[PDB]
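An overview of the molecular structure
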Amino acid sequence: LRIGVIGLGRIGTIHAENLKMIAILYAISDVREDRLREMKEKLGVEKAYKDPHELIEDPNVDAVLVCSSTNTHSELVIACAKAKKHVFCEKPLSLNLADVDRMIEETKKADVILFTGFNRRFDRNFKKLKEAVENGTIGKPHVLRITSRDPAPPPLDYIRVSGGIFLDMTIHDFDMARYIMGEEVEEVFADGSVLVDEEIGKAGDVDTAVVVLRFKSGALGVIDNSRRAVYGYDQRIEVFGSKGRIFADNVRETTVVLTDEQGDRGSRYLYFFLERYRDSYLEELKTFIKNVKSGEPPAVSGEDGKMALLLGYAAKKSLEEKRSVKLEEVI
Amino acid sequence: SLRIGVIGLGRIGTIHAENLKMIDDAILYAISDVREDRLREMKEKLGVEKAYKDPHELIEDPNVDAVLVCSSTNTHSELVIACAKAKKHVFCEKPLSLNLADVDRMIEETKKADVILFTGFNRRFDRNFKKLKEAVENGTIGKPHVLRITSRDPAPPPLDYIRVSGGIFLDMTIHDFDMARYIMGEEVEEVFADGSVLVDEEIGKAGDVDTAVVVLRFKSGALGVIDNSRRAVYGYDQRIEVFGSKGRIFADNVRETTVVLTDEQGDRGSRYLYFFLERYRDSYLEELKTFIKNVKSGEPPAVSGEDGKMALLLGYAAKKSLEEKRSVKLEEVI
Amino acid sequence: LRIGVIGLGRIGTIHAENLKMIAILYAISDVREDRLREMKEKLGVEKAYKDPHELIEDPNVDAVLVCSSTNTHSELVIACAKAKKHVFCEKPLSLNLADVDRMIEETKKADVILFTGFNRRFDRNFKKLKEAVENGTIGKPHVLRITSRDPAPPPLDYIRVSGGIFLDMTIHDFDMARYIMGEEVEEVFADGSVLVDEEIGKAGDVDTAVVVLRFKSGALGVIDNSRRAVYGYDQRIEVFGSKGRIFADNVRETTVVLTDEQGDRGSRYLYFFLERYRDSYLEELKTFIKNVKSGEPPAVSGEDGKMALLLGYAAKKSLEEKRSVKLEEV
Amino acid sequence: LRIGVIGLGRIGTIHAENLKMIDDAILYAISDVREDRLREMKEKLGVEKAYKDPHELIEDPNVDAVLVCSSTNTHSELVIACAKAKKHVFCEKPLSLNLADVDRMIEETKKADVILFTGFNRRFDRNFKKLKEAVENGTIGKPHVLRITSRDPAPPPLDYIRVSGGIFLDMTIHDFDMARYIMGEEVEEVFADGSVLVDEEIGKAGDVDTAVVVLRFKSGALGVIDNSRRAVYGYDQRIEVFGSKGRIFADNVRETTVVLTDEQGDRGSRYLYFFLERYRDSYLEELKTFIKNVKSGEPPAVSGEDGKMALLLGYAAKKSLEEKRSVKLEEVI
């Protein structure tokens, strides 16, 4: 299976390189010429195109990974529908809802897979907890807890065009909530503060947030987010149900424990992007390919992307109105 | 020693009365309970000097220096005001009252009489939560940003009790609101609450919920989230975490034993604490020694009437939030 | 049940005080006039004898706790036997195999209970582990691991007359191995070194040791000891068998965990004698009293005291001769 | 850097495949006596050369370095052929069960001036290596007591056990090496004992399936290794070092970080159980280091002499089992 990748930023590059551990990297494309040939050589790719559309039209290209900037997503995904190429699109699909509907509509017409880039679904720990809950191991779920904290904020100029913490960061946790609980959120309440850097405040965003979710069954969820955990990534999930509790913890660098007069000390948490995420991207990409090879529905759909976006809008509205907000209000 | 009288020989009054042997320079001098055989039996089991059917006779007994009010909640106000009129130092089990005006009167009268009013928030004296509070207070996690509390019981109380309890926010979350203030060292300004009926439809029919989440906004902008369940089948689950600018701190549940069994499926740890006495006995013992210390030493109580009042107000704000589906400021309830 | 306690050192005093939590502390005895008066008062005890033989002969004393120095044990225990008093004896019964055999002989003669003070069998975590093993939970036991480390060495003078690490420290581990595995050790190999304190070696003992056990079934055990673990007591037991593994860890002060840039940090280990052991001593004493009251064989017998002493001799011999030593040789 | 792999067994195949993930080296040649395996793997890996005769692989001038992953009785002759062809050589454990052969392997590679790297892959286990570096940095002060527990989920086949040299040469070998690696000093004396508790047949072959080995180090520090051929729960490979300033421990790895809680308490995920999930990363990192040593002209990270010492410790333990006493390393050198 021949794959073409568009956009060789940090994530496009991970996917491009991961291909040799899977299906074939057959084409790359990026608007920086330097990087383009550098990578054509480095990775040994058959074709390099500086214009995304050529790559989409090359008949040896069975599927496209769109990993370009966000403003670019709608156009390229719609272009793949045209060429009748299956398409994976990195997070987020779009921040504009009408664009999302078109991406969904157009790919549906072309009868081509649209896979949304929610990589955490393929984290081995989160996927295992997902399966156990779905298998009945904690009975009927009552309360979901998600904590998601990054080691540092992204750049301010980024934050300014990000759509805020609920669209840029909580998006992954909204998707995770639906995935793990296996039912829709109907209502959201959100609050957020500026506790890490005054500039995030001046940009109109928050760096610390809590979101409550009310699911169709009556089960409740709480997400909490922070842009700066000094100890590294903190991404934990818990589900509590009629028959017990299940929890997914962080991964540490090592299994080594030092004991001195103050007690035990474990190893540092995962802190760096690649050590934290490379396996989830690898496993996500293999699933996208598996889906294409078998003409399966995508493991993560355009719909999934749209619901996550809608929950983000409900939370932005809740934050401003100081009340919980039903998803209707926002569709 | 100090001579103590205990009113109410229910589950918790009995614990306090028995702990008095474990405490020194305090003795159990008198007990009172309205069930005559209960009173008779406990007088003889514990070798108590005086047993009174009428608690007012206990309070007026001149040998009694301080009183533990552990009778039904609807009697707390009357008994605590009666201690103030008798000039007796008073400890009152949670909750002080479900009626805000009664709590204001209780605080007024004891203050007038110049006697201690100590509110029985025993979890402040849990060795794990206390150590976490001290670490936070010390600067160990930097400036606090997010609080998390999970508090789940192995089983709901009986329906009869649920109907008169004021609902989950006044009867259960009350401890978590106090813990929040105690751990974070600042006031809550706003609350949002939701709740569902997921354990017993009867709780729902009685107008209450059995599962709830409560969001707190503190004065500093720090946020917190409490979640409660009336039934965790694995036993008590009471965890606290604080996340701040310099790290994270967490207090876990206690297990029965340090033993770990490993088989084909992996490691299996010991059961969680599950029964009331094994869970709570040490926190009650330590709470009571503190009350006695404050009394003997003339100190302000470690947990005051005002602490009882604030927890109740947060409960009323949450009850209003639940019904109005919106964030509620403490002021709208003050 | 009226108990007399002989010798009010660290442990005697703990037994004496626990009696309030249980049976009555009727009589106390200690050669130190001052310590005696000071304890009669503070514990409110009826009788106080500077002469232990008085206490044993008191007709109102039903059972005796012998918690004086090891060299007094044999005489007091035989004396309780003579006066028909059930007797509890603190670790160790004796360093002298002939005494032990006598203590056992005399007590059997007088038809009284002789309970050996191996309190660790009554540690809540070690007891739980023992019950799981006996229950079949890990199937047939194959390998036992015991690590036992104290936070500091006892004083030099004490070490000089202690009998060496195998008699003074490993004794508890020898006994725990027999208790946990439910069968006898037939052969032992030991080695030891001086890594903590030069003076311990100067007194002729070792401060670090390892002991291999061969059990009747062919199961193997390994004990390691150290006189000094700066982090607190380290007392772990692991049993590995045909159906799984079972482990008892040490106890921490608290369940609190602090996380910073270097990772998670837990609370300190138990470090002081009383927080570490008081609960085991209380449960041990309750069990002895229960044995007394119900006319039961003691939970921990003279013969238990004897086997642990024999295993200790087998280990001192292995250490000197650099080979495995069968119990038959000792 | 063009690599040739001899022996496409379990471990040879893992090395062959890992070359894909090592930028400075490619799999250029493979060789194995089974014509079917050779044709199969040639296709599967897309290898340029496949040689039925490992000597032709060795003499191929395009081969820069060789991984000898063939049966043990083959190692001596092929490593000596590498020295003759002036090819750097990595040899899978064990180097040889025969001491005179180990000496010739060492002598010949030294005379040819090529690296001989012994495949003790567990030194490259990320947990064990981190513990070794911590001990080396002084974080537990002076080491006093070493504990190693090493249990496999199941025994090898009996036909294999018969020619394995017995538990101390086939299994404990890894632990003897780890002991020297972690403690950074030599073992002067060993005591060993062992029993037959897993499978009667193992003992009929003259072996044991459960063993303990005490180590006395030059410093006076003491160590104890215990082994078992069958832990139902998976690999159990733990290391603990205790010393004057504290204790350090490397635990087993679990499949996931997920914990399930019910009436009886917490339940963690299964331990690693299959060969590949357990060992693949240690082999990847071991090979990378070998490639590094070769490229940079460095001494091997694990030398022939490392292999010889682990063998000598094996012999000392075998003697101790039989003589029921402690055995000095001198006795067997």
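Residues numbered from 1 in each chain as written, not as in the entry; some residues may be left out. Chains lettered and ligands numbered in written order. Heavy atoms only, no water. Residues with missing side-chain atoms left out of burial classes, pairs and counts.

Counting secondary structure elements, chain B contains 12 helices and 15 strands. In terms of C-alpha radius of gyration, chain B reaches 20 Å, essentially the compact-globule figure of 20 Å for 334 residues. In chain B, which comprises 334 residues, the share counted as buried stands at 62%. Long-range pairs, those at least 24 residues apart, make up 69% of the contacts in chain B between residues at least 6 apart in sequence. A distance of 2 Å separates the average location of the 50 positive side-chain charges in chain B from that of its 58 negative side-chain charges. (Helix = DSSP H or I, 4+ residues; strand = E, 2+ residues; numbered from the N terminus. Rg over C-alpha atoms; globule rule 2.2 N^0.38 Å. Buried < 20%, exposed > 50% of the residue type's maximum accessible area, 1.4 Å probe, protein only. Contact = heavy atoms within 4.5 Å. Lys, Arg positive; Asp, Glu negative; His and termini not counted. Charge placed at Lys NZ, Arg CZ, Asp CG, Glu CD.)

What follows concerns a negative patch on the surface. The grouping of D54, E57, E60 and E78 of chain B at the surface amounts to a negative patch. On the secondary structure map, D54 of chain B appears in the loop between β3 (50–52) and α3 (55–60). (Patch = residues over 30% accessible without salt bridge, like charges linked within 9 Å, V, L, I, M, F, W, Y side chains within 5 Å. Areas by Shrake-Rupley, 256 points an atom, 1.4 Å probe, with all protein chains shown as cover. Salt bridge = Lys/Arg side-chain N within 4 Å of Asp/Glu carboxyl O.)

Glancing now at the domain arrangement of chain A. Residue and element names in this part refer to chain A. As assigned here, chain A comprises domain 1 (1–117) and domain 2 (118–331). Listed by partner, the interface residues are 34 residues for domain 1 and 37 residues for domain 2. Taken together, both faces of the contact between domain 1 and domain 2 bury some 2,900 Å²; the carbon and sulfur share is 73%. Its largest share of buried area at the contact with domain 2, domain 1 owes to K91, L95 and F115, together 22% of the area lost on that side. Linking domain 1 to domain 2 there are 3 salt bridges. (Domains from an automatic or database assignment. Buried area = accessible area lost by both parts, 1.4 Å probe.)

Facing the 14 residues of chain A at the interface are 14 residues of chain C. Applying the counting rule to chain A against chain C returns 2 salt bridges. Those elements giving two or more residues to the side of chain A that touches chain C turn out to be β13 (256–260) and β14 (263–265) of chain A. It is β14 of chain A that contributes the most residues to the side of chain A that touches chain C, 3 residues altogether. Classifying every residue of the side of chain A that touches chain C gives 3 nonpolar, 5 polar and 6 charged. (Nonpolar A, V, L, I, M, F, W, Y, C, P; charged D, E, K, R; others polar.)

Right, let's get into unusual backbone geometry. Cis geometry is adopted by the peptide bond preceding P95 of chain B, which originates at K94 of chain B and carries an omega value of -15°. Tracing the chain through its elements places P95 of chain B in the loop between β5 (89–93) and α5 (100–113). The omega torsion across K93 of chain D and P94 of chain D is -10°, close enough to zero to call that bond cis. Topologically, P94 of chain D is positioned in the loop between β5 (88–92) and α5 (99–111). A positive phi angle, near 60°, is found at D113 of chain D, a position not held by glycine. Its location among the elements puts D113 of chain D in the loop between α5 and β6 (116–119). Given a relative accessible area of 62%, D113 of chain D falls into the exposed group.

Turning our attention to the interface of chain D and chain C. The figure often quoted for interface size is the accessible area lost as the parts come together. Tallying the contact residues gives 43 residues for chain D and 40 residues for chain C. When chain D packs against chain C, the two sides together hide about 3,300 Å² of surface, and 56% of this comes from carbon and sulfur. Interface area lost by chain D to chain C is led by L197, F242 and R247 of chain D, which between them contribute 17%. Counting across the chain D and chain C interface gives 11 salt bridges. With its nearest N and O atoms 2.8 Å apart, the salt bridge here joins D193 of chain D to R214 of chain C. Breaking the side of chain D that touches chain C down by element, the ones donating at least two residues are β7 (143–151), β8 (187–195), β9 (210–217), β10 (222–228), β11 (236–243) and β12 (246–250) of chain D. Looking at which element gives the most residues to the side of chain D that touches chain C, the answer is β7 of chain D, with 6 residues. For the side of chain D that touches chain C, a count of residues per class yields 16 nonpolar, 12 polar and 15 charged.

Within a sheet, adjacent strands bond to each other through the backbone by hydrogen bonds, running parallel or antiparallel. All names here are of chain B. Ordered by their spatial adjacency, 6 strands build an open sheet running β3-β2-β1-β4-β5-β6, and the pairing between neighbours is parallel. The sheet is open, and its two edges are formed by β3 and β6 (117–120), each paired on a single side. Each adjacent strand pair in this sheet contributes to an overall mean axis angle of 25°, direction not counted. As judged from the 4 bridges shared by strand β1 (residues 2–7) and strand β4 (residues 66–69), these two strands associate in the parallel manner. Across the sheet, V6 pairs through a bridge with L68, a residue of β4. (Pairing = 2+ DSSP bridges. Axes fitted to C-alpha atoms, helices over the stretch in contact; angles between N-to-C directions.)

This next bit is on the pattern of salt bridges. Evaluation of the coordinates by the stated rule reveals 154 salt bridges over all chains. In this structure, the salt-bridge partner of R267 of chain D is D262 of chain D, at a minimum N-O distance of 3.6 Å. One connected set of salt bridges, linked through shared partners, spans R145, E238 and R245 of chain A, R148, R152, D227, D237, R239, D252 and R255 of chain B together with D266 of chain D.

All names here are of chain A. Reading across from one edge, β3-β2-β1-β4-β5-β6 is the order of the 6 strands in this open sheet, with parallel pairing throughout. Among the strands making up the open sheet, the edge pair consists of β3 (47–49) and β6 (114–117). Taken pair by pair, the neighbouring strands of this sheet meet at an average axis angle of 20°, ignoring direction. Bridge count for strand β4 (residues 63–66) against strand β5 (residues 86–90) is 4 bridges, and the pairing is parallel. When the bridges of β5 are listed, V66 appears paired with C89.

As for its placement among the helices and strands, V251 of chain A is situated in the loop between β12 (244–248) and β13. Residues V251 of chain A and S193 of chain A, spaced 58 residues apart in sequence, show a C-alpha to C-alpha distance of 28 Å. Beyond its immediate sequence surroundings of up to four residues, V251 of chain A is in contact with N125, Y269 and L270 of chain A together with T257 of chain D.

Moving on to helix α1 (residues 11–19) of chain B. When we look at burial in α1 of chain B, the residues that qualify are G13, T14, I15, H16, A17 and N19 of chain B. Packing partners of the buried residues in α1 of chain B comprise β1, β2 (26–32), α2 (36–46), β4, β5 and α11 (276–297) of chain B.

The subject of this paragraph is helix α11 (residues 275–296) of chain D. With 22 residues, α11 of chain D should reach 32 Å at 1.5 Å per residue; the first-to-last C-alpha distance of 31 Å fits that figure. Within two residues after α11 of chain D, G297 of chain D carries a phi angle of roughly 65°, on the positive side. (Expected span 1.5 Å × (residues − 1).)

Residues and elements named next belong to chain B. Structurally, chain B comprises domain 1 (1–120) and domain 2 (121–334). Placing the centre of domain 1 and that of domain 2 at their C-alpha centroids yields a distance of 25 Å. With 36 residues of domain 1 at the contact, the number on the domain 2 side is 37 residues. Carbon and sulfur atoms supply 73% of the area buried between domain 1 and domain 2, which totals about 2,900 Å² over both sides. By the criterion of area lost to domain 2, the three top residues of domain 1 are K94, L98 and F118, representing 22% of everything that side buries. Counting across the interface, domain 1 meets domain 2 through 3 salt bridges. Where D171 meets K94, a salt bridge forms, and the shortest distance between an N and an O atom there is 2.9 Å. Counting every contact that joins domain 1 to domain 2 gives 10 residue pairs in polar contact. Listed by contribution, the elements that provide at least two residues to the side of domain 1 that touches domain 2 are α1, β4, β5, α5 and β6. (Polar contact = N/O pair within 3.5 Å; in protein donor to acceptor, adjacent residues only side chain to side chain.)

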